[PDB]
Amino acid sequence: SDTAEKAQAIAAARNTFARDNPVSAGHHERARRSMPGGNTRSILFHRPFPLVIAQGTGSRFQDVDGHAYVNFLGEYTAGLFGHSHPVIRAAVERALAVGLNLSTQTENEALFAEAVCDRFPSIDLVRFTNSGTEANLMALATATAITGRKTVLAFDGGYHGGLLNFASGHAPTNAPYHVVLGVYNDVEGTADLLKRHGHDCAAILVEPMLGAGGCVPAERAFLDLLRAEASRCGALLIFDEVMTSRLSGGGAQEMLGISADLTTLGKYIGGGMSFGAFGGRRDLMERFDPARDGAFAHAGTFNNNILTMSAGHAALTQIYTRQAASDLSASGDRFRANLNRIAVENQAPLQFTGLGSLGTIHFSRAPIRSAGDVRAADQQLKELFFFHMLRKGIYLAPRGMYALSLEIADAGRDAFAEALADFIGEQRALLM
């Protein structure tokens, strides 16, 4: 729990950050005049104020006060390609040559859809959206319409987009689906909820690893329970792979040998352009065939926009192939293991959790299995870790998450590991 001594250390770190970044401070005051709190994406705000970036290339960026950083945040997994990938750039140039806002289908949509279907083993048919939020809403829409049922089982700490935020329990802004929340990884508790609610369950919605909720892998016995009970009760199992799809050529489902009924996608698949998708079993997705009587409707001005169709096909087929996915996850597993070794050898009360190229620091010794474990870990030390990494020229999420891009190399990874050893040394007093 919170102490005066940690608060004082945070106050000094905030004061140093403020004195070092006066141009960012002034941008925040101006931004407040047009956006609430100077903000249009809540996760970008942190106190005293966020850094404003001027420019970036490759894995690196520079803030408006002239400091340089390596970007380990990687746009919360969407920024797989760095800030200036030449193949992405060529795809943008091609989109512009085809033409913008053509108001009709192009072949580019079909080619992107075929790449997504080749790549993901339980997606027979796919439709594109403009966000992961839209992909998850459309999957819930599919489930409730098909089953005629209202109840949705999801999990505390689960994050499925702007209208489906359960990171801190029920949010008053959520779309008013009838959502029952379970505890992540809790076999017996979840089995009890499915016995009470199963018969009116339209859908079970779950990430195979909590992303925003702390990079907490799902355990097999938990995912097996969900898969078996969804089938038994006649609910659609929806795996939200908006973050986890990168973890192998075919995402977590290939790693697991477990198939969901629908799968949602987002982040890097559109080449860093706006993007989401929902897809799954043929018989479910065919309900969207507009030639069919009583077809479900799914419009959306930018669903098939040329920039996303072109960059996305390039991302999946020319850059982040299935082999590149295996190699990046192996690189990430080695990185994460090295960071935990540094913690263990120094007897530090911290660990990094995650899979492949995704991980999050948690200031705890306990196994990290559910949202409760994440919230019980020390939140002050997590904020102090954020400001420390900044001083060392390493940018990662305020909540302690990194997501390795393809542009991170040896020098970047070595600097992160060094910075961590330094944090442990310099903050030993607060780590008892």
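In case it trips you up, residue 1 is the first one in the sequence shown, and so on. For clarity, a rigid core is taken as the largest C-alpha set superposing within 1.5 Å between two forms.
Colleague: Could you say which moves further from this form in 5 other deposited structures of this protein, stretch 91 to 99 or stretch 179 to 187, by root mean square CA distance after aligning on the core?
Modeller: When 91 to 99 and 179 to 187 are compared in 5 other deposited structures of this protein, the bigger C-alpha shift is seen for 91 to 99.
Colleague: Comparing C-alpha positions in 5 other deposited structures of this protein against this form, with the rigid core used for the fit, which stretch differs more, 346 to 354 or 301 to 309?
Modeller: Looking at 346 to 354 versus 301 to 309 in 5 other deposited structures of this protein, the farther one turns out to be 301 to 309.
Colleague: For the C-alpha atoms alone, is the average B factor greater in 396 to 404 or in 364 to 372, going by the entry?
Modeller: Per the PDB record, 364 to 372.
Colleague: Tell me which stretch, 190 to 198 or 235 to 243, has the higher mean Cα B-factor listed in the entry.
Modeller: For C-alpha atoms only, the mean B-factor is higher in 190 to 198.
Colleague: Report the option among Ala343, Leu140, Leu80, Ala113 whose CA atom has the maximum B-factor in the deposited record.
Modeller: The C-alpha B-factor peaks, among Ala343, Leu140, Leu80, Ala113, at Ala343.
Colleague: From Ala295, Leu205, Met273, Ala212, can you pick the one with the highest C-alpha B factor in the entry?
Modeller: That would be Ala295, according to the entry.
Colleague: C-alpha B factor of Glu134, ranked within the chain: lowest, middle or highest third?
Modeller: Tercile = lowest for this residue's CA B-factor.
Colleague: Going by the entry, which third of its chain does the Cα temperature factor of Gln379 land in?
Modeller: Within its chain, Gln379 is a middle-third residue by C-alpha B-factor, going by the deposited values.
Colleague: Report the third (lowest, middle or highest) to which the CA temperature factor of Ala54 belongs, ranking only the modelled residues of the same chain.
Modeller: Its C-alpha B-factor, which the entry lists for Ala54, ranks in the highest third among residues of this chain.
Colleague: Which third of the chain holds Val64 when residues are ordered by C-alpha B factor: lowest, middle or highest?
Modeller: It belongs to the highest third of the chain when residues are ordered by C-alpha B-factor.
Colleague: For the chain shown, is the CA B-factor of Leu316 in the lowest, middle or highest third of its modelled residues?
Modeller: CA B-factor rank for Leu316: lowest third.
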